[PDB]
Every structure is written in C-alpha cells, then in structure tokens.
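Q: Supplied structure: run38.csv, CSV, C-alpha atoms and all ligand atoms.
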chain,number,residue,atom,x,y,z
A,83,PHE,CA,0.0,0.0,0.0
A,84,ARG,CA,1.0,3.7,0.6
A,85,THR,CA,3.4,5.0,3.4
A,86,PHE,CA,7.1,4.2,4.1
A,87,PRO,CA,10.2,4.5,4.1
A,88,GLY,CA,12.0,7.8,4.9
A,89,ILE,CA,8.3,9.1,4.6
A,90,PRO,CA,6.3,9.7,1.4
A,91,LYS,CA,6.2,13.1,-0.4
A,92,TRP,CA,7.8,15.1,2.5
A,93,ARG,CA,11.0,13.6,4.0
A,94,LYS,CA,10.8,15.9,7.2
A,95,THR,CA,9.9,14.8,10.7
A,96,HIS,CA,8.3,18.3,11.1
A,97,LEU,CA,4.9,18.4,9.2
A,98,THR,CA,1.8,20.4,9.3
A,99,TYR,CA,-2.0,20.4,8.9
A,100,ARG,CA,-4.8,23.0,8.5
A,101,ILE,CA,-8.5,23.1,8.9
A,102,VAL,CA,-9.2,25.0,5.5
A,103,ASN,CA,-12.7,25.7,6.7
A,104,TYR,CA,-14.5,24.3,9.8
A,105,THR,CA,-18.1,23.0,10.0
A,106,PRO,CA,-19.7,25.3,12.7
A,107,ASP,CA,-21.5,22.4,14.5
A,108,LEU,CA,-19.1,22.0,17.4
A,109,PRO,CA,-17.0,25.3,17.7
A,110,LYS,CA,-14.6,25.9,14.8
A,111,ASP,CA,-12.0,25.7,17.6
A,112,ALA,CA,-13.5,22.3,18.7
A,113,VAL,CA,-13.5,20.8,15.2
A,114,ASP,CA,-9.9,22.2,15.0
A,115,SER,CA,-9.3,20.6,18.5
A,116,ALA,CA,-10.8,17.3,17.1
A,117,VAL,CA,-8.1,17.3,14.3
A,118,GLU,CA,-5.2,18.8,16.5
A,119,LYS,CA,-5.7,16.0,19.0
A,120,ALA,CA,-5.4,13.4,16.2
A,121,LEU,CA,-2.1,15.1,15.3
A,122,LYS,CA,-1.1,15.0,18.9
A,123,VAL,CA,-0.6,11.2,19.2
A,124,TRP,CA,0.2,10.8,15.5
A,125,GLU,CA,3.4,12.7,16.6
A,126,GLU,CA,4.0,10.4,19.7
A,127,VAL,CA,4.2,7.4,17.4
A,128,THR,CA,6.2,8.7,14.4
A,129,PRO,CA,9.1,11.1,15.3
A,130,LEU,CA,7.2,13.5,13.1
A,131,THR,CA,5.8,16.6,14.6
A,132,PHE,CA,2.5,17.9,13.3
A,133,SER,CA,1.1,21.3,14.0
A,134,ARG,CA,-1.2,23.8,12.2
A,135,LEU,CA,0.0,25.4,9.0
A,136,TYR,CA,3.5,26.8,9.1
A,137,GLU,CA,3.3,28.2,5.5
A,138,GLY,CA,2.2,27.2,1.9
A,139,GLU,CA,0.6,23.8,1.5
A,140,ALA,CA,0.4,21.1,4.2
A,141,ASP,CA,0.4,17.3,4.7
A,142,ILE,CA,-3.4,17.1,5.3
A,143,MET,CA,-5.6,20.1,5.0
A,144,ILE,CA,-9.1,19.7,5.8
A,145,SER,CA,-12.2,21.3,4.6
A,146,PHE,CA,-15.9,20.8,5.4
A,147,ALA,CA,-18.7,19.4,3.2
A,148,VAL,CA,-20.7,16.1,2.7
A,149,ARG,CA,-24.3,16.9,1.9
A,150,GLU,CA,-24.2,15.2,-1.5
A,151,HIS,CA,-20.9,16.7,-2.8
A,152,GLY,CA,-19.8,13.7,-4.9
A,153,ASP,CA,-16.3,12.6,-3.7
A,154,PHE,CA,-15.3,9.4,-1.7
A,155,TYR,CA,-17.6,8.3,1.2
A,156,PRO,CA,-19.9,11.4,1.5
A,157,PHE,CA,-23.2,12.5,2.6
A,158,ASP,CA,-24.4,9.9,5.2
A,159,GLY,CA,-25.6,13.0,7.2
A,160,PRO,CA,-25.5,13.4,11.1
A,161,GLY,CA,-24.3,10.4,12.8
A,162,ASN,CA,-21.9,7.9,11.3
A,163,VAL,CA,-18.6,8.7,9.9
A,164,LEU,CA,-17.9,11.1,7.2
A,165,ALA,CA,-14.4,12.3,6.3
A,166,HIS,CA,-14.8,11.9,2.5
A,167,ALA,CA,-11.1,12.2,1.8
A,168,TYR,CA,-8.1,11.4,-0.5
A,169,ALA,CA,-4.7,9.9,0.3
A,170,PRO,CA,-1.2,11.7,0.6
A,171,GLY,CA,-0.8,12.4,-3.0
A,172,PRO,CA,-4.5,12.1,-4.2
A,173,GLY,CA,-6.9,15.1,-3.7
A,174,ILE,CA,-5.5,18.4,-2.4
A,175,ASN,CA,-2.7,16.1,-1.1
A,176,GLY,CA,-4.1,14.6,2.0
A,177,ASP,CA,-7.6,16.0,1.5
A,178,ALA,CA,-10.5,15.5,3.9
A,179,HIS,CA,-14.0,17.0,4.0
A,180,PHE,CA,-15.9,16.4,7.2
A,181,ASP,CA,-19.7,15.8,7.1
A,182,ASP,CA,-20.6,19.5,7.3
A,183,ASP,CA,-24.0,17.8,7.3
A,184,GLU,CA,-23.3,16.6,10.9
A,185,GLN,CA,-24.0,18.0,14.3
A,186,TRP,CA,-20.5,17.4,15.5
A,187,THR,CA,-20.5,15.7,18.9
A,188,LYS,CA,-19.6,12.8,21.1
A,189,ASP,CA,-22.6,11.1,22.4
A,190,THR,CA,-20.0,8.3,22.8
A,191,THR,CA,-20.6,8.5,19.0
A,192,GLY,CA,-22.9,10.6,16.9
A,193,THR,CA,-20.0,12.0,15.0
A,194,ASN,CA,-16.8,13.6,16.3
A,195,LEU,CA,-14.8,15.6,13.7
A,196,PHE,CA,-11.9,14.2,15.8
A,197,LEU,CA,-11.7,10.5,14.7
A,198,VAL,CA,-12.4,11.0,11.1
A,199,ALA,CA,-9.7,13.6,11.4
A,200,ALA,CA,-7.4,10.6,12.4
A,201,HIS,CA,-8.9,8.5,9.6
A,202,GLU,CA,-7.8,11.5,7.4
A,203,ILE,CA,-4.4,12.5,8.9
A,204,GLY,CA,-3.7,8.7,8.7
A,205,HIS,CA,-5.4,8.2,5.4
A,206,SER,CA,-3.1,10.7,3.8
A,207,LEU,CA,0.2,9.4,4.9
A,208,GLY,CA,-0.5,5.7,4.2
A,209,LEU,CA,-1.3,3.5,7.3
A,210,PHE,CA,-4.7,3.6,5.4
A,211,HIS,CA,-7.1,0.7,6.0
A,212,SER,CA,-6.7,-2.5,8.2
A,213,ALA,CA,-8.9,-4.5,10.7
A,214,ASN,CA,-7.7,-4.4,14.3
A,215,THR,CA,-9.1,-3.3,17.7
A,216,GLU,CA,-6.8,-0.5,18.9
A,217,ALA,CA,-6.3,0.8,15.4
A,218,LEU,CA,-7.5,4.0,13.8
A,219,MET,CA,-8.2,1.4,11.1
A,220,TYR,CA,-10.9,0.1,13.6
A,221,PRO,CA,-14.5,0.5,12.4
A,222,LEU,CA,-15.9,3.7,14.0
A,223,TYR,CA,-16.4,6.7,16.4
A,224,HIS,CA,-16.4,4.7,19.6
A,225,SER,CA,-12.7,5.2,19.7
A,226,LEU,CA,-11.5,2.6,22.3
A,227,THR,CA,-7.9,3.7,22.4
A,228,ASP,CA,-8.9,7.5,22.7
A,229,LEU,CA,-6.5,10.3,21.5
A,230,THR,CA,-4.3,10.8,24.6
A,231,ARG,CA,-2.0,7.7,23.9
A,232,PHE,CA,-4.0,6.6,20.8
A,233,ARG,CA,-1.6,3.6,20.0
A,234,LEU,CA,-2.9,3.4,16.4
A,235,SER,CA,-3.3,0.5,14.0
A,236,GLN,CA,-1.2,-2.6,13.1
A,237,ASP,CA,-0.7,-0.8,9.8
A,238,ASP,CA,0.2,2.2,11.9
A,239,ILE,CA,3.1,0.1,13.0
A,240,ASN,CA,3.9,-0.8,9.4
A,241,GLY,CA,3.4,2.8,8.3
A,242,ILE,CA,4.1,5.3,11.1
A,243,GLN,CA,7.3,3.4,11.8
A,244,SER,CA,8.3,4.6,8.4
A,245,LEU,CA,7.1,8.2,8.7
A,246,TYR,CA,9.6,8.4,11.5
A,247,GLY,CA,12.3,7.5,8.9
A,248,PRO,CA,14.6,10.5,9.5
B,1,LIG,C1,-13.1,5.0,12.8
B,1,LIG,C2,-13.8,5.6,11.5
B,1,LIG,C3,-13.8,7.1,11.6
B,1,LIG,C4,-13.1,5.1,10.3
B,1,LIG,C5,-13.7,3.8,9.8
B,1,LIG,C6,-12.7,2.7,9.2
B,1,LIG,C7,-12.2,3.0,7.8
B,1,LIG,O1,-11.0,3.1,7.6
B,1,LIG,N1,-13.1,2.9,6.8
B,1,LIG,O2,-12.7,3.0,5.6
B,1,LIG,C8,-14.9,4.0,8.9
B,1,LIG,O3,-14.8,4.8,7.9
B,1,LIG,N2,-16.0,3.5,9.3
B,1,LIG,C9,-17.3,3.7,8.6
B,1,LIG,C10,-17.3,3.0,7.2
B,1,LIG,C11,-17.9,4.0,6.2
B,1,LIG,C12,-19.3,4.6,6.5
B,1,LIG,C13,-16.9,5.2,5.8
B,1,LIG,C14,-18.4,3.3,9.5
B,1,LIG,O4,-18.5,2.1,9.9
B,1,LIG,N3,-19.3,4.2,9.9
B,1,LIG,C15,-20.4,3.9,10.9
B,1,LIG,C16,-20.8,5.1,11.6
B,1,LIG,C17,-21.5,4.8,13.0
B,1,LIG,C18,-21.5,5.9,14.0
B,1,LIG,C19,-22.5,5.8,15.0
B,1,LIG,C20,-23.0,4.6,15.3
B,1,LIG,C21,-22.7,3.4,14.5
B,1,LIG,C22,-22.1,3.6,13.3
B,1,LIG,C23,-21.5,3.1,10.1
B,1,LIG,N4,-22.2,3.8,9.3
B,1,LIG,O5,-21.7,1.9,10.3
B,2,CA,CA,-22.3,10.6,8.9
B,3,ZN,ZN,-16.2,17.0,-0.2
B,4,ZN,ZN,-10.7,4.1,5.5
Could you rewrite the structure in this file as structure tokens?
A:
Amino acid sequence: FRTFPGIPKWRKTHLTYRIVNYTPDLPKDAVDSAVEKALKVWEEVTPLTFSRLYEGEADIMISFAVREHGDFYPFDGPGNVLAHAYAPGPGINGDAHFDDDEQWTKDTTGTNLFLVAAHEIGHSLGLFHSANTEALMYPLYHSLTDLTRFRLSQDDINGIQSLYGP
C-alpha cells in the first residue's frame, strides 16, 4: 500500500495540517481541536511533529462538506462517519471534507470531527485501512484507544514506523 520509508512526499519529521474551513456544529476551535488531538498522538508514534500550517501547503488540509458533494464516502448525514477524503498524493494532497451535514459531537458517538480527522491524517500518509481493535483502522467513532495515547493501527506500526524514517 501507501506509506514508508523515509516518509512519502515530504521527508521531514516536522509536518503540518490546516482546517481549511471548519463546519460550525461544534465550535470551529473544537473541530480544530478534534483534528489537532489526532495530530497529537500521530506525533507520539512517528518522530514527526505535526502542527497547524507553518506556510504554503500542508500534509493534510481539511475542509468541510458532505451533503451530496460527490467525492469518496460522502453525505451519510448526522451520525456515522464522514471524512470523505483522499490519500497523501490524491486530492489536495491529504484531502478531507468532514460531514458538514453533521451536528458534530460525542454522544460516545454521533459523530466527532476528531476521529475522522485521524482516519484522514492517517489516510493521507498511508497507514490507510486495516482490521484491528486499537487501530485507527478500527471501524468507528467509539474510539476505544482514545487520543491521549492513541496507540494506532497494526498498519500504523507498518506505516508510522516509516514516517519516523529521519
Ligand atoms: C473509525 C472511523 C472514523 C473510520 C472507519 C474505518 C475505515 O478506515 N473505513 O474506511 C470508517 O470509515 N467506518 C465507517 C465506514 C464507512 C461509513 C466510511 C463506519 O463504519 N461508519 C459507521 C458510523 C456509525 C456511527 C455511529 C453509530 C454506529 C455507526 C457506520 N455507518 O456503520
Ligand atoms: Ca455521517
Ligand atoms: Zn467533499
Ligand atoms: Zn478508510
């Protein structure tokens, strides 16, 4: 698949992200916080260091839409998941649009801009898709591992242990 070694299309252990827009269901700042947390443990695992936009383009920049836009996995509307993204290279390199349609939350679930952010931050680089418990590749927004020490996927091992190449 994607990912590894020495990192994809940016050989620096100092990368960035940017919420292009923000869907104004949770605070803009809370949707940013949903993403920004994702980053936070992605940086614990790989040697990389993510943060909001330094300059220019980024690794993964995230917009907001869904309500029948025509992209990847869009428009299932509030509740479910919904980053309807593209990989590192594909889209606006590392692209993700969060169900703008939602009513961003954490009713244990509903939807949290947070985990699809991980599914996006991750989807871009290349640990993209697997089937394990602790993983960000795990099926949904009942994020077991929780982003504090999010010990991501089994592909996160054979992906993020590449990212940290430098
Ligand atoms: C952790 C999550 C953010 C990413 C995962 C896993 C993945 O990589 N899919 O490609 C996901 O997209 N799961 C979707 C698959 C698809 C819709 C994109 C899903 O199962 N969504 C749940 C949403 C949900 C939420 C609340 C309750 C129950 C279910 C569903 N529609 O069954
Ligand atoms: Ca949804
Ligand atoms: Zn879109
Ligand atoms: Zn996926």
Q: Hey, which residues come within 9 Å of ligand CA 2 (chain B) if we count only C-alpha atoms and all ligand atoms? Could you give them as number ranges by chain?
A: A: 148, 156-165, 180-181, 183-184, 192-193
Q: Which chains and residue numbers are within 8 Å of ligand ZN 3 (chain B), counting all atoms listed in the file, if I want them as a ChimeraX atom specification?
A: /A:145-148,151-154,156,166-167,178-180
Q: Between A:203, A:103, A:198, A:168, single out the one closest to residue 133 (chain A), counting only C-alpha atoms.
A: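 Looking only at the distances to residue 133 (chain A), the closest residue turns out to be A:203.
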Q: Taking only C-alpha atoms into account, name the residue in A:177, A:182, A:228, A:237 that is nearest to residue 110 (chain A).
A: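 Closest candidate: A:182.
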Q: Can you measure CA of residue 233 (chain A) to CA of residue 201 (chain A) for me? One decimal in Å is fine.
A: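 Between CA of residue 233 (chain A) and CA of residue 201 (chain A) the gap works out to 13.6 Å.
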Q: Looking at all atoms listed in the file, which of A:190, A:98, A:243, A:206 is the one that sits closest to ligand LIG 1 (chain B)?
A: A:190
Q: Residues within 8 Å of ligand ZN 4 (chain B) should be enumerated using all atoms listed in the file and returned as a list in words.
A: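 The distance check yields residues 201, 205, 210, 211 and 219 of chain A.
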Q: For a test of reading the model, state the distance in Å between CA of residue 189 (chain A) and CA of residue 235 (chain A), rounded to one decimal.
A: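 These two atoms are separated by 23.6 Å.
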Q: Using only C-alpha atoms and all ligand atoms for the distances, tell me which of A:186, A:83, A:155, A:246 is nearest to ligand LIG 1 (chain B).
A: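 Checking each of A:186, A:83, A:155, A:246 against ligand LIG 1 (chain B), counting only C-alpha atoms and all ligand atoms, the winner is A:155.
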Q: Do you have the CA of residue 197 (chain A)-CA of residue 218 (chain A) distance handy?
A: 7.8 Å
Q: At a cut-off of 6 Å, using only C-alpha atoms, what residues contact region 90-96 of chain A? Leave out same-chain residues fewer than 4 positions from it and give the result as a compact mmCIF listing (two decimals) with C-alpha atoms, in the frame of the given file.
A:
# COMPACT_ATOMS: atom_id res chain seq x y z
CA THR A 85 3.40 5.00 3.40
CA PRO A 129 9.10 11.10 15.30
CA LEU A 130 7.20 13.50 13.10
CA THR A 131 5.80 16.60 14.60
Q: Grab all the atoms of region 118-130 of chain A that the file lists, wrap them in a box along x, y and z, add 3 Å per side, and give me centre plus edge lengths in Å (one decimal) as JSON.
A:
{"center_x": 1.7, "center_y": 13.1, "center_z": 16.4, "size_x": 20.8, "size_y": 17.4, "size_z": 12.6}
Q: Would you please work out which residue, of A:241, A:208, A:247, A:173, is nearest to ligand LIG 1 (chain B) when using all atoms listed in the file?
A: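 Closest candidate: A:208.
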Q: Which of these residues is nearest to ligand LIG 1 (chain B), using all atoms listed in the file: A:102, A:195, A:127, A:239?
A: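 Once distances to ligand LIG 1 (chain B) are computed over all atoms listed in the file, the minimum belongs to A:195.
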Q: Would you pick out the contacts of residue 141 (chain A) at 7 Å or less, using only C-alpha atoms, so that residues sharing its chain but fewer than 6 positions from it are not included, and give the list as a list in words?
A: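 Once the nearby chain positions are removed, what remains is residues 97, 98, 99, 175 and 176 of chain A.
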Q: Restricting the output to C-alpha atoms, write the selected residues as a CSV table (one decimal), keeping the file's coordinate frame.
A:
chain,number,residue,atom,x,y,z
A,97,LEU,CA,4.9,18.4,9.2
A,98,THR,CA,1.8,20.4,9.3
A,99,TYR,CA,-2.0,20.4,8.9
A,175,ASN,CA,-2.7,16.1,-1.1
A,176,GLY,CA,-4.1,14.6,2.0
